Amino acid sequence: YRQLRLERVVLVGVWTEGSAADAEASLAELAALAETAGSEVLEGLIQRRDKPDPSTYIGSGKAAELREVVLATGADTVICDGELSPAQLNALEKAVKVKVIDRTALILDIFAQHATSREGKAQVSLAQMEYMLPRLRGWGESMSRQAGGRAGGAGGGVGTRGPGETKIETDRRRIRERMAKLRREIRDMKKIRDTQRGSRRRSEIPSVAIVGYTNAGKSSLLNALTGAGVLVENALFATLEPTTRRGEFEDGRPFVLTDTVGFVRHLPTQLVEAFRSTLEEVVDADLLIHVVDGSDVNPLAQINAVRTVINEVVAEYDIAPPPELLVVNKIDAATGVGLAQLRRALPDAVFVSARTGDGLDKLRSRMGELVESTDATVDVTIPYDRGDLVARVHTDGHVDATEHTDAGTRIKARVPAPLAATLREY
Amino acid sequence: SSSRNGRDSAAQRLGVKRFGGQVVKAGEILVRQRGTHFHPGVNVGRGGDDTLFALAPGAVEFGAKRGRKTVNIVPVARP
Amino acid sequence: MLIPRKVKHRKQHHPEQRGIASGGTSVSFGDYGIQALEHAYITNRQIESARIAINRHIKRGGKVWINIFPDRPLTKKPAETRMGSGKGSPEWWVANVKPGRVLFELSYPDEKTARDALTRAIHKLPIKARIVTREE
Amino acid sequence: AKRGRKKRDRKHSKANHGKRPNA
RNA sequence: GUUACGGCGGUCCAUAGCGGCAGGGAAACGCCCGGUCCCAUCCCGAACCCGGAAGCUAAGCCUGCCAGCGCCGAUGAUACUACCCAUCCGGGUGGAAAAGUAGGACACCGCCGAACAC
RNA sequence: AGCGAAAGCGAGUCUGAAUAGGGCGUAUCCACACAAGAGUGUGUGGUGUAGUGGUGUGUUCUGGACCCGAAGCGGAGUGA
RNA sequence: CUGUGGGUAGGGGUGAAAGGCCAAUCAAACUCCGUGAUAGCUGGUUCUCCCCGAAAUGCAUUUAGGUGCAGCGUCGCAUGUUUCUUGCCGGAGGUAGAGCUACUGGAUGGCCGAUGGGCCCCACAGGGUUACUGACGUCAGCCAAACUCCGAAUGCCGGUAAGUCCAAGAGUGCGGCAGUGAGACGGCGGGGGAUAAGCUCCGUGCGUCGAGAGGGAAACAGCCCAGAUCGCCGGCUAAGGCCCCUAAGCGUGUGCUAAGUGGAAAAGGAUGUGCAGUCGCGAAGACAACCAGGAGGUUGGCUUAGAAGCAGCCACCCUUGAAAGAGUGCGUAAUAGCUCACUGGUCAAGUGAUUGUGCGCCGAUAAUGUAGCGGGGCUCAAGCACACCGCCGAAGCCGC
RNA sequence: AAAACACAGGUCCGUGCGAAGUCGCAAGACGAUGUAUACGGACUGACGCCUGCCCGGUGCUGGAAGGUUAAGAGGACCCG
RNA sequence: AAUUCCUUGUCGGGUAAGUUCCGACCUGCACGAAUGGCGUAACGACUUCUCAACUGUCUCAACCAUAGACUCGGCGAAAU
RNA sequence: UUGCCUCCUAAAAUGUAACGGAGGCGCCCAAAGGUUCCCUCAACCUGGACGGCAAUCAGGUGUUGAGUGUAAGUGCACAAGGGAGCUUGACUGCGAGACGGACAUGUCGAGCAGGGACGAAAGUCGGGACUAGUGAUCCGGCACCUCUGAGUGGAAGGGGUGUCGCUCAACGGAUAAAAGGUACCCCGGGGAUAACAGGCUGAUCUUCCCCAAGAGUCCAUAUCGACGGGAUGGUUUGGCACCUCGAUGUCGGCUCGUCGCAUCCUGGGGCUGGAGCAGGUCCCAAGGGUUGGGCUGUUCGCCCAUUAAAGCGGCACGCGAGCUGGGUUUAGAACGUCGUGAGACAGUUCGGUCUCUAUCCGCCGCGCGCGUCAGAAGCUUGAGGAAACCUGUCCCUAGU
Ligand SMILES: CC[C@H]1OC(=O)[C@H](C)[C@@H](O[C@H]2C[C@@](C)(OC)[C@@H](O)[C@H](C)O2)[C@H](C)[C@@H](O[C@@H]2O[C@H](C)C[C@H](N(C)C)[C@H]2O)[C@](C)(O)C[C@@H](C)C(=O)[C@H](C)[C@@H](O)[C@]1(C)O
Ligand SMILES: Nc1nc2c(ncn2[C@@H]2O[C@H](COP(=O)(O)OP(=O)(O)CP(=O)(O)O)[C@@H](O)[C@H]2O)c(=O)[nH]1
């Protein structure tokens, strides 16, 4: 599934824009992705350059400097962030003579490792095609490695043969038609959703979707709220498909909760097809929830990272600033005290702490009171002698006790729109 | 790719050259071997390269002495 | 998963798929077993699939033995290559199964659930197999 | 693969005794 | 010619071996007391070599019994197989294992010379 | 008339201080003995050894070499 | 721009350079000669018949489509059975197989759990709950071309006796002359490949084609039968056939098959055979109909929108054994409506589940046109087994 | 038929004049009946703004003291 | 880019709709200063885009006449 | 990669291929040779000082488990392994009968003078436990020789004997002396050998399936379905190299089509997570239809505006004796890169001859002849075919 050997490793921060701290964040992010692929971090260096080197990416001097530590380490895992062009990969491979990592291929092959569903792996294969097609005839282990694209002068003069099209163009047409078929292959999950798309949505089952940064605890929240058994692991991309479950409220209307695939930053943008499963959930969701762990890295950079893609997709899609609730939960046993500054920067602290604290009453409220609504305040007064007059109200809708201390009093309940519109019949 | 193999020595044509019952002259090579799979027996000698040859004429006879296969020459009485 | 920690020779001839199994042809660990009825290279991929099938069916409880071990390497020369230029490198590990070999064994209280789990393993497997029992 | 499959399977005949040239 | 005999040898070199329980030194075999001598220790009379019979069968060697470990091991059957029949399956005739089972086995044979007998 | 590399010797000769064995020769074959069974030798006695010119045929050598076929190479000339 | 007259000539000329032009030819013009250049290359090589009759392998090769020698053919001589087949006997081997606690390498559990980690007394003194690595290994059952305690079958070497012996037209040696040295497919044993290829590379006193006609596979070098000396308007057969095409047989007996299976395939299912078991069944009433059975604390609790038998949640282990499970099935706000099981009689021979035991089944799929029996047609077999009778059938055998 | 060649313009190099260069074995010729503001060669290619660093490799132009360095009458010694 | 693999690079223009085109950015795999760098009026049967006009290019083809074709008489081949 | 050695492949004799699986070798020896005579090695304690996993020489125990100079095997415990004494058996010179042996290389050396010891008498040795550690011939060196010495004497030179000099490593070794381009190309051949197309395979691809862990709001199978498994089709990339290289024209577009169905619009099905309107899904169905543009040669692909939809494929990726030449694939030129250059590019760019009168089949039309049992004529049935089949908007029905 297009894996790679990591085991030992040493890191380097390219830091071609931003701050040293942000470069360190990116380095640690890619090192965590390396661990996800299976590894063990040793130490990380940093450098400070302007626009990447068009050929060497990291330059001749830094390429040799890193070859030194490469030969010292005697392994092939040296990590360096970024998106490397085919030329840059060629130059770096010629300099190092070993396997160096790039963010795009690392993300892609970790998606391959984590994929378990047919749609997920089809999407990751599409991302593989998208990434590799540029790396054709030019990159390190290329098709035209002095061995491909042979069929040239097949027509000196003319005779009884000849393929026709340009060799490279036909060789690219191979992958082009492959990915054309794969893009045709796009399956409509809307048919799976329709059970709740038109129905329910309109029939009141609102839609709360948990979206956030990877490792943040999206699936953990889903499990805690919905009694589910969804996968929970520290690894990147622990969740592959945006699963969903039920979860009710004091105002009923089971809030179909949905988790997603986390974001980190500067995603490849080629696996937007893979992320469509979660992009569609955000676009069709009426309550977005960000999840932030107690002792999470950085004060707030992951929130900007997720919000960048959120804003991009939602603005391209529709007129929407989908309800976002940046709750701060799972904070107990965070083993940290410098959280008052973040709390004042954004007031919220509702601990569930992987069910250890379980103080999610404030959350269960917000989720809900934000965008819950129905035809509340209906006075279904009824003699209570017919039996039919109590029918369907306490079953479909949800009562709230109200004046209904007995049956011979004012009876009101928050019911669905279809259930009662003039059915009080005094 | 490229295989690092592809080599082999010329087969040395070893083994028994005279089997039990064959009558041999004084000096014929009875066996060719790399060790002493067969050890020399009566009127059989062992050469530099562990070749078993007949020190005396007569019929080859394969036996065992103390758990070691042995090549012997039994004399053939002239009729 | 099931991969030899070391093989004396990485590239080996294809194991011969001839004859009925001479050994491991009877349940010797568990109550029930999956006996093969056709020759096949049962890859470690297939063994893992069948073992997970059985364990997930029998849910919590029970014990599963995997008699065969995929210790025979089978090579695959690199894709889109011409005949020659040496043998391909090992690509998948298999166990040479022959008819009458008991591949898996199961000990579980419920005979119904045991047979169902073994049938699911047989489905994951690439040959005909029957649920044999210890009771002869 | 029908052509080759038929050409091959027509060796399983009474006259050929399960063998033909080129399978 | 007889020995709880000593040597030299054989076995297609364990059916002989290892281990255990009991027994004897007559001549011998040994242990054993010494190093003056031939001789010897990469140091040592431990060993090798040299003189004696003070002492002992405790050991070695040998006798009988143990099937405990190892060793051998069928017959049947099977696997395999030569040839043949057989349109995929198989089958027949001839050979036939390995493993296991029954079991066998605590060795057998030849030459001398010893003590006694003749 | 061979053996050898020749002084050469010659049914012998070369190798070798070494009558030590081998190499190559003494047409072939038969008998007699002496030997040794290491594959048989040694002498002795018998018959006496067969080439060489033509020429046919098949191969072959040097030539065109069974016949056809290049692109090209060289010498001398002919062409603005 | 052009006329006329001139000059530059071939490894040279001329070239505002295209390798362009230099007499319809130019990366070195043309004619003659060397010359019948040379070509491991392609082609061609002409009358006949009789006898024998290959090779496409080994080694070497500036070699790999060539060649030398060997191997194999032929013709002479010499030897003469030395050849080959079969029986027997003496042999060595390490393949198939098997085994591995017999080695070298990959595997279920208790044992020690030793070296160790936390707990450990927190002491480093001392000791165990020690779910832990739990070792070398101890003891119980499993794999290998480069593993072997073992170990065939064949094959091979040799001996012996025969057979074949008016011949295999054998073996061996020496000569004349070769050709071959591109093999193919099929069976078996294997490597490479994906244990694909009509693939590729090997072995095979294996075959056939090559170089082989004749019969059968429809047609179809390599498959099956069978090796054509010639002529017969004779006969028996081989493989294969036998309804008509197309010569007997729309053969005989017993069964199976319902799909045109036969006449293509990996399959889920059982409703065709026979099996062989097995609960209860006996016509001591079984599976069945008509069959009163419908509130036991029966809303049983769980728990509460009701939680009524009944979203759910493990229960209800009980009797004049009446036939009713604190009730699993449709429901139904929840009751209710109306029943599953068992029953109480007539119950008027069998009734279910099982390895499916094994036969024979059914689900499947390219593009000119039936199209996957050769055709017609065949199940009233002309299909499939097991038996049994005939014949038809070749260039085979026999007859002349 | 062009973006190629050429082109006018540039720069470098060579040339002291039967020059350099070229055709010729040679004579001779062209160069040129010319003279360094002329010729031949190389590259660039109107014109405008410009042609930055490098003489390490290789050519060319000068030569720094050495070392290596054939052809000779330097001919010891040695040998027949 | 007559030079860019990534590449249909990104943005703006132009189209209804622009892998082409123009202007910029330029992170130049692999521009570069007389094998000249960049501009450049004029020039070009050069290459590439745009617009006006124009139209059988096309929507979508129709009709007319000539030369054949076709028929008649004469002559009368060819590759294969 | 090429020679040599070892193993497995290798099918229990020998031998046996691959660009099959593994390794070694172009050496070390003056002792690691010869010989005599002695010894056994690993693995744990009664137990040890600094001493541990491991030193010791701790033998105290323990049965041939390590070590072989060096790869691999075959051997070696009897030792071939470990020690010492002496010595130089590379008996060198002469050599047995024998044998291993396409042609070009190996095993014993029994005998002889002369040795080596240990010793003591008997005794053994022609470098090594064995198989690698090497290179023909030619040419020349260098030593010794009782050989020849161009009239004789010597001499030069030659000869013999013993030796030396080749990574002649492409290791049977063309020469003593040698690299590239060709797209300017030419000739001799090849379908022995690639590109296109066909064929076989079907890894890849493509269509499906089989079990069903999961996703589907509770709810495997509305819709999906991983881990695994099985196949179909032969339109992708491939593999093979089987016809074709005395020529099978190569993409895209145009023209013309024709076929399959794996269907982009009718049929009901179910299911629908089908309220309706719309959808999804499979099942059936090939009648007809299934577009016009911008970018690019462009197949494709993106986009534009529409439509019931703008289906997927086969037919030599259908169709160049039907057309086009946009790209591709001659020669010119330039750019980038590589090359000290000729040139090259698996990069870019501009420019670059598309021949043929149709014989046969085929097809579209049209005649002549003869048939249809006398010669004619009008009207004719219809076996059999050919054509056509497309569908859209708006109204009511019903704002039901
Ligand atoms: C006018 C008169 C000429 O017509 C042409 O030029 C056509 C246009 C050529 O095709 C064109 C074809 C073209 C244009 O297409 C690329 C190009 O190849 C050249 C220029 O010639 C031809 C038929 C070429 O053939 C083609 O040769 C190709 C090598 C392969 C093709 N076939 C075997 C596979 C084959 O038919 C070829 C070799 O010249 C034919 C030989 C016999 C000739 O030389 C004859 C005398 C031709 O000159 C001619 C017919 O007289
Ligand atoms: N200690 C701690 N760990 C947390 C908390 N929240 C999440 N995690 C860690 O994150 C892991 C699970 O990540 P998950 O909930 O899947 O995050 P996610 O947002 O779904 C990222 P992805 O979608 O790629 O799986 C757990 O292993 C857990 O340790 C928290 O509040 N405290």
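Throughout, protein chains are lettered first and strands after them, A, B, ... in sequence-line order, and every chain is numbered starting at 1.
- In terms of modelled atom types and a separation under 3.5 Å, the side chain of C/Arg101 and the main chain of C/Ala21 share no donor-acceptor contact.
- Base stacking between strand neighbours G/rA64 and G/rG65 is not detected by the criterion of six-membered ring centres within less than 5.5 Å and interplanar angle below 30°.
- Checking side-chain atoms of C/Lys77 against main-chain N and O of C/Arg82 turns up a donor-acceptor pair under 3.5 Å.
- Residue contacts shown for B/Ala11 are limited to sugar-phosphate atoms, with no base heavy atom under 4.0 Å away.
- Spacing of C1' atoms, G/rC41 relative to J/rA192, comes out at 13 Å, to the nearest Å.
- Nearest to the side chain of C/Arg120, among J/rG228, E/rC12, J/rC211, sits J/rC211.
- Proximity of a side-chain donor or acceptor of D/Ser13 to a complementary backbone N or O of D/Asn16 within less than 3.5 Å is detected.
- Residue contacts for B/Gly6: at a heavy-atom cut-off of 4.0 Å it reaches no nucleic acid atom on any strand shown.
- Judged by distance alone, with hydrogens and angles left aside, C/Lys124 brings a side-chain donor or acceptor within reach of the base of J/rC211, the pair sitting under 3.5 Å.
- For D/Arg3 against G/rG372, a side-chain-to-base donor-acceptor contact under 3.5 Å is absent.
- Put simply, C/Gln46 has a side-chain N or O that comes within less than 4.0 Å of OP1 or OP2 on J/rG229.
- The side chain of D/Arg5 contributes an N or O atom lying less than 4.0 Å from OP1 or OP2 of J/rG233.
- The neighbouring residues G/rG372 and G/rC373 do not form a stacked base step, as their six-membered rings are not both less than 5.5 angstrom apart at the centres and less than 30 degrees apart in plane orientation.
- Pairing for E/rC88 is absent, with no Watson-Crick or G-U wobble pair whose two atom distances lie under 3.5 Å.
- Salt-bridge check for A/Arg193 with A/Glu281: passed, with a basic side-chain N closer than 4.0 Å to an acidic carboxylate O.
- Dashed line: the shortest gap from a side-chain N or O of A/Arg176 to OP1 or OP2 of J/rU296 is not under 4.0 Å.
- Stacking between J/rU255 and J/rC256 holds: their six-membered rings sit with centres below 5.5 angstrom apart and planes below 30 degrees.
- Using a cut-off of 5.5 angstrom for ring-centre distance and 30 degrees for interplanar angle, E/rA96 is classed as not stacked on E/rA97.
- Residue-level contact check: B/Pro57 touches the bases, meaning some heavy atom is under 4.0 Å from a base atom.
- Within the 4.0 angstrom heavy-atom criterion, no nucleotide atom of any strand lies near B/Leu30.
- Side-chain atoms of B/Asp8 come within donor-acceptor range of the base of J/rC8, with a qualifying N/O pair under 3.5 Å.
- Within 4.0 Å of B/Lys25, counting heavy atoms only, lies at least one base atom of the nucleic acid.
- Checked by atom type and distance alone, the side chain of A/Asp53 never pairs as donor or acceptor with a backbone atom of A/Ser55 at under 3.5 Å.
- Contact between the side-chain N/O atoms of B/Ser9 and the OP1/OP2 oxygens of J/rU6 is found at a separation under 4.0 Å.
- For G/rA146, the base is stacked against the aromatic ring of C/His9, per a cut-off of 5.5 Å between centres and 30° between planes.
- Between the side chain of A/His394 and the main chain of A/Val390, a donor-acceptor pair closer than 3.5 Å is present.
- The same atom, P, is picked in G/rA196 and in J/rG230; the two are 13 Å apart, to the nearest Å.
- Using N1 to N3 plus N6-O4 or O6-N4 for Watson-Crick, or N1-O2 and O6-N3 for G-U wobble, each under 3.5 Å, J/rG97 pairs with J/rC108.
- The pair A/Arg118-A/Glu185 meets the salt-bridge criterion, since a charged nitrogen lies less than 4.0 angstrom from a carboxylate oxygen.
- Backbone-only contact: A/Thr243 has heavy atoms under 4.0 Å from sugar-phosphate atoms and none from a base.
- At whole-Å resolution of the value, CZ in B/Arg46 and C1' in J/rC130 are 8 Å apart.
- The nearest whole Å value for the distance from the CD1 atom in C/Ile122 to the P atom in J/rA212 is 13 Å.
- Using atom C1' as the reference point in both E/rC39 and J/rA49, the two lie 40 Å apart (nearest Å).
- Between C/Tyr41 and C/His14, the angle of the ring planes stays under 30°, which puts this pair in the parallel group of the 30/60° scheme.
- Listed for the A/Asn90 side chain is a donor-acceptor partner under 3.5 Å among the backbone atoms of A/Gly138.
- Under a 3.5 Å cut-off, the side chain of B/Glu61 and the backbone N or O of B/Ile73 do not form any donor-acceptor pair.
- On a pure distance criterion of 3.5 Å, no polar donor-acceptor pair joins the side chain of A/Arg197 and the base of J/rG273.
- Side chain of A/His398 to backbone of A/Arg414: a donor-acceptor contact under 3.5 angstrom is found.
- Annotation: G/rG137 and G/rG110 have their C1' atoms spaced 15 Å apart (nearest Å).
- Neighbours G/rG113 and G/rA114 form no stacked pair of bases, judged on six-membered rings against the 5.5 Å and 30° limits.
- Within the nucleic acid shown, B/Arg78 comes within 4.0 Å of at least one base atom, counting heavy atoms only.
- Using a 4.0 Å heavy-atom criterion, one finds that C/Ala50 contacts no nucleic acid atom at all.
- Remark: the backbone N or O of B/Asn5 is paired with a side-chain donor or acceptor of B/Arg7 at under 3.5 angstrom.
- Under 4.0 angstrom from either OP1 or OP2 of J/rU217 there lies no side-chain N or O belonging to A/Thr244.
- With hydrogens and angles left out, the side chain of B/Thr36 and the base of J/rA129 share no donor-acceptor pair within 3.5 Å.
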**Q.** Sugar-phosphate or base contact per nucleotide [nucleotides 213-225 of chain G; S, B, -; heavy atom under 4.0 Å]
**A.** ---BB-BB-BBS-
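- Side-chain atoms of C/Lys11 lie closest to J/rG21 of the nucleotides J/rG238, G/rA194, J/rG21.
- Between A/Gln196 and J/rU217 there is a side-chain polar atom (N or O) within less than 4.0 angstrom of OP1 or OP2.
- Under the Watson-Crick or G-U wobble criterion, with both distances below 3.5 Å, E/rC108 is paired with E/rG10.
- A salt bridge between A/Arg253 and A/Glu204 is present, with a side-chain N of the basic residue lying under 4.0 Å from a carboxylate O of the acidic one.
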Q. Could you write nucleotides 373-378 of chain G as a row of B, S and -, 5' to 3', where a protein heavy atom under 4.0 Å of any base atom gives B, of only sugar-phosphate atoms gives S, and otherwise -?
A. ------
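- In this structure, the aromatic ring of D/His12 is positioned over the six-membered ring of the base of E/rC88, centres within 5.5 Å and planes within 30°.
- Within the 4.0 angstrom heavy-atom criterion, only backbone atoms of the sugar-phosphate kind lie near C/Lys6; the bases stay farther away.
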